[PDB]
Structures are given as structure tokens and as C-alpha cells.
Amino acid sequence: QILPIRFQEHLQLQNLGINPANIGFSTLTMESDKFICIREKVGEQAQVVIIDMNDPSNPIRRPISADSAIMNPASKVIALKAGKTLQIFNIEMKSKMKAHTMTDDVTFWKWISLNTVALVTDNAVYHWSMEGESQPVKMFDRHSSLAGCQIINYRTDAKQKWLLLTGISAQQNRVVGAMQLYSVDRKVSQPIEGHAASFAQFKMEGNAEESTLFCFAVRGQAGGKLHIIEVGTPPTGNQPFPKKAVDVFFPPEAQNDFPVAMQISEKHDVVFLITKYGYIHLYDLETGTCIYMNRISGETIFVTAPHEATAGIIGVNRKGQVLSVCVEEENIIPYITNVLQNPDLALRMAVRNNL
Amino acid sequence: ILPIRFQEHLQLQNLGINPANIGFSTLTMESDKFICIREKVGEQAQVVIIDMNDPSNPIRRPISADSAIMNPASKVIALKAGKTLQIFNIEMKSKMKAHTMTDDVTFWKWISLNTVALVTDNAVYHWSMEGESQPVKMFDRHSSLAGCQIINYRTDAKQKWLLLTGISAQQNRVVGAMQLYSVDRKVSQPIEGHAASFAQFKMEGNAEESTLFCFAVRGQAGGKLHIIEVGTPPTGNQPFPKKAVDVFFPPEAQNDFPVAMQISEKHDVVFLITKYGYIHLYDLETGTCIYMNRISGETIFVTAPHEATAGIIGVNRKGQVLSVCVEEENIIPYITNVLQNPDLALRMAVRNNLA
Amino acid sequence: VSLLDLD
Amino acid sequence: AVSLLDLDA
């Protein structure tokens, strides 16, 4: 009928020659929709395969000896690491911009801005700006509640005043999610059960200033839930953002499936939530009203990034299939109005988000 | 001081009402005597009635209605299931009257202690509970309210003038489509409007009263509020000079519009409330804006006259039940000193026998 | 057809 | 020292 979301397949890494074996969390990265790095090993010559999303058919291969590679969100500047050794190269100008040696192994790192790399070690989190001659800065000490977890994600609000680290572990025969929410201003951490989340800016009607929101999904003991709350003291003169909560569904077949990704379109004010096993959920950022929900991938999804173009969400799955999902501006309203029979939400989305 | 008096009466949340059901289509308040919420508790639907004289003891009952509305003055409830309508006297556990429409009712509300207005896609009916009556088509729906979301239906005292209000998204704004019908002249008039109410007013030097029609709108001209006499002045009466003012919208409220109006014949004042919680106080006679301010940070979706005080009472998406009324103690001093409007002040005192 | 269970 | 990346050279 009509869908309130458009789905699209942009690539099949396997048609590019990549080995399925390297299509996974620890060997294929996608820091942004502009590139995809895959570490393969032909003979004992490990090497990275960079894929320009604008030239899928021309992947450049280069010998590397890094245990991890992560291309910058906006340019052919790449971060490589080997143990405590970190180097950033400007591929195009064939040079090493910066280099640093950590006094701990980095368990997980990722770009969190056009110029800043976040480094996670077993017990602390650092931010490393490429701006000038800067060296890692410890942002905060890991909370004991993540001790032992496999770190899977780090996120930040816009002003980098709220940080969210996330790890997952097996407990009770179920994937449990552990998150640490740290406030740069009040120097305080907060343990939160959660699997996926993201931050978002939002100007409530009647508010002069925007509001910083923290939205997370969790499949806890009470099943699936999704919260949306305002983080920190509201801007002077502003107003609270009512905390919102709504469960996230999980059919009976998906018994040990859980949330693995979350992008938020500030363009439509919606929350895309993907589960490990191919489920896509649409939620209104404002009310938390679950707009849509179906299955976009039979293979598991391990990585995603904002699809800037559509204001949606892009991602790779275990088969090498690169797919996206965005709001189908042409019908989101009609769908909400008719199919969902939610006149209020629809009247609001249109007006609010000028659809 | 304040010309009005604010007051929280309840927090439906504290009563165990799911915030999901605290909206336009599931929570109804046809008077300040009761609030009905429709909840899906388990796989079975049910209505929760809250007796405003005894909030703490909400009574729950199994229903299968897609809509429920309490009589303004008694535990007599209208329940609808598609084209099927039933009226029950809860305390007598009896089915008073029943009726099966040919078309689905998209909106209905009590307009008197004994009449229920029904709105179908293309017509409006009245249904008295007096005797063995049935629904009586009052008039056909104007094409301008075609595709609109019906949100209100009001009558003057003598049920001679009828107002049906719809709203929709157009050019990225909420446009208000009203239909004003004359029972006597059998003629309908299209009017761009959001909220409005009727009122009886005896102009000085008139034996009989004037029947006023006040309505507020945020059209392209920005926001305005009109007060005009409707119909032909009673033989002998001078006519009531039409009034037109500006209703302010600050720059934060960009898509905010008028959502409810209640007029107090007691102080002859109009209480206007915007979608996103603003409150305006205009003099019914002159249309002089006497006060404005934020009263709810969460949007309001239903109000009713608040009898005890003659103010207005409503509910926001949060569940808070607020009410604003004239602060009899200082509405005069306020006008006089804060507004420095000695004339309006001296008038309102003498007019409505105050101080 | 009772649209209301009341007992 | 040694580079983690080799870009011809």
C-alpha cells in the first residue's frame, strides 16, 4: 500500500570481491555513508579495501598491518591501529598526519565528528581531536557496570556535553545491554540498561532554545521499551521535554533478537531503530508514537550510519548487502492518516515537519 | 496580582491511566463532572470513568466501543461501535435508547443535558434523549469541511445557531474550517476559524439579549478574535457592534493555534486556550484583551466549562487536569493598575456587580 | 449487542 | 617508525 518509509539496496560487497568472512563487526567499518573499509588477508599480507560509496566498482586495496581501520566521515583520512599504536594517514596526500601511542589497548574507537576520534580502552574513554597538535584527552573513567561487556558503541549529543558508551554481554541466557551516560558538565555517570540509542536536537513549540534529547531502546526483562528524555537542565526560559516511553515489539520468532542501531532524522523528527536481525521501527521523536514496523533484512545487521542524502539510515549486513531506509516524504502523512488512522499525529507531522 | 486563578485538579497518571490513552480520541470530558478514558487492558477493551467528585475511585468496565462520552450531568453514557449507538444509564445498568446510523459518526458530543450531536462525513444530527426520539438531521455539511478532521460542535443557547469546526494541514499550517448554520434561515456560512463559542449578552438599553458568536483564528492575517451578533437583533434591541482584535502568538509558538473557547456570562469574559497551552482573557463586550500567559507546557486537547467558578477546565497530554477562572478578588485592581485601563475596569465592576 | 458489560 | 599503512613507499 503505501509505505511511510522507502527502502533501498546500494551494494552487494560480495559482487566487489570481498570475502564473506570479512563482512562483519570487527573487519568492516562504515563510519559514515561515504566509505566502507574492509580488512582482508590475502596470504599473510593483511590489507584494507576502501570502498568509495561514489565509485563502488573501484575499491582501492592497500597493504596494512593494522588490527583496525576507520575511514573519516568526510575524507580519505584514515585511522589505523595496532595495539597501543595509533596512526592517522591522509590517503590522498600519502602522509601520516598524527601518531600516538596509548598506554592501554583501544578496545573500540570511532569518529564522533568530522575531526574527532573517540578511543575506548577497558577502563577509560578519550577524545582525540585532529585539530592541530592535540593528543588524547580522557573524558571519563568507565563505569563498573560495563566491565566485561563487549564494547559496541559510543555516541555524543551535539555539543559533546553528554556521552554514551554501550556494551553488551550474555547473562541469563540473553543479550543484556549495559550503557554509561556521562555528563561533561556535572562530571557524573549514570548506569542504564540499554542496547541502542542516539541523541537529537529538538525545538519544542513554545521554546526559544532547542532541547537535547537522549533516546534509547532496550529489550530488558519487561521486554522491548524505547525512552525519549531531555538530558540536563533545559535552556533558560525553555521548557521540559516530557519524558516519553513506549515498548518496542518483538515477534515470537525473534526470541533473542534485540536493538542494534538507532539513527534520528532531525529533518522529519523520527527515530529509525534496527534490530540485530533485520527489524526496522519508525517512531515519532516527539511523541514516541510507533509509526511503522516491519523486516528489511533476513541477514543480521552489524553496522549503520546516517544516510545523509535521505536523512535516513544506512547499513551493512552479514551478506555484504548495503541497504538504507528513510522516510518516504511522498506518503508518510497519508500513511499515518489513513493506515494508522492517526489524524493528530499526521496533522502534526505535516505542519511541524512541513511535509 | 493576577486577574485569573489557576488550579491543578488531577494527574490522571497518578490514577493509573496509561499516558498513551491521554489524548483526543480516547479521553473525553463532556463536562467538568466526569472524564472517560478508553483503554485496552490485556486483550480486552474497557472504559474508565472518573467522577470528578471522587477522583481516587475510578470505575472500570469492559466496553467494545470505539468511543464513549458521558452526559454532562449524570452517569448516563453514550457508546458507539461503528454505525451502532447505545446510551446506558450506568447506575441503572440499563440500555436507555439505541440507534443504528446509516453512516459512521466521525464525531459527536453532548450539547445539552439531554441532546447528543452526531456528525457523519456529510451531515450533522441532533438526538434528544427525551422520549422515543431518534436522530434528526439538522443540516448537510459544507464542502469546505470536507476532508477536515472534525474537532468540535457548538450551539447558541436556543439551539438556533450551529457551529461545526474542522481542521487540516495546508501550506504547512493548521487551517481552521468552520460551518455556521442558521436554523431559522436554513442557510450555512463558511468561516476560517479554530475555536469559538456562543454567548448571551444584554446590551445596555436593550430589553432582550443579543446572541453573540465569538471565534478565534490564526489565518494568514496572523491571529484574530471576532465577536459579532448572530441573527437579527430582537425587535426593539439595538444591534451589537462587531468587535475584532489581535490574539498574540509569540515567535516560539510558530505552529500553535487556538483550540478552545469558553465564555463566562458571569464576568462576561472569554477564555481562549491555544493548542500548546496559552491562555488569553478578553472582555466579551469590547474584546479588550485583559491577560495572557503560558498555563500548560504540554498541549491541551479538550476542555469544558468549569461550572463551580465559571472558568474553563481542561486536560493536557500529560494527564494534568487544570482550570483557569476569573480571580474575582483582583480582576478589577489588575485592569485598573496593571493594565491602566480605568474605563474597562469601572465598567466590569459595575457591569457584572463586582469590585 | 451490548456495547457495555456492566454486570 | 614503521607505518601501519603502505601507500607506495
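Residue positions begin at 1 at the first shown residue.
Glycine residues also receive a Cβ, built from the backbone N, Cα and C atoms like all the rest.
Database features (Swiss-Prot):
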| type | residues | note |
| --- | --- | --- |
| REGION | B:21-64 | region 'WD40-like repeat 1' |
| MOD_RES | B:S64 | phosphoserine |
| REGION | B:65-104 | region 'WD40-like repeat 2' |
| MOD_RES | B:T102 | phosphothreonine |
| REGION | B:105-146 | region 'WD40-like repeat 3' |
| REGION | B:147-192 | region 'WD40-like repeat 4' |
| MOD_RES | B:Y181 | phosphotyrosine |
| REGION | B:193-254 | region 'WD40-like repeat 5' |
| REGION | B:255-298 | region 'WD40-like repeat 6' |
| REGION | B:299-327 | region 'WD40-like repeat 7' |
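In sequence order, B:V124, B:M138, B:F139, B:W161, B:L162, B:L163, B:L164, B:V187, B:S188, B:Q189 constitute the residues six or more apart from B:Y181 (phosphotyrosine) in its chain with CB-CB distances below 8 Å. Taking the Cα atom of each, B:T102 (phosphothreonine) and B:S64 (phosphoserine) are about 20 angstrom apart. Cβ neighbour count for B:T102 (phosphothreonine): 7 (other Cβ atoms within 10 Å of its Cβ, all protein chains included). Across the region 'WD40-like repeat 3' (B:105-146), DSSP helix (H, G, I), strand (E, B) and coil residues number 3 helix, 23 strand, 16 coil. Listed as Cβ neighbours of the region 'WD40-like repeat 6' (B:255-298) (distance under 8 Å, sequence separation of 6 or more from its ends, same chain) are residues 2-4, 6, 173-174, 176, 194-201, 212, 214-218, 223, 225-227, 243-249, 304-306, 310-312, 314, 316-318, 320, 322, 324-326, 328, 331, 334-335, 339, 341, 344, 347-348, 351-352, 354. Each residue of the region 'WD40-like repeat 7' (B:299-327) gets a DSSP state, and the totals for helix, strand and coil are 0 helix, 20 strand, 9 coil. Sequence-distant contacts of the region 'WD40-like repeat 1' (B:21-64) (same chain, six or more residues past either end, CB-CB distance under 8 Å): 9-10, 12-13, 15, 70-73, 75, 77, 79, 81, 90, 109-110, 151, 301-308, 313-315, 317-319, 321, 323. A distance below 8 A between C-beta atoms marks B:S64 as the modified residues from B:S64, B:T102, B:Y181 lying next to chain C.
Counting every protein chain shown, 15 other Cβ atoms lie within 10 Å of the Cβ of B:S64 (phosphoserine).
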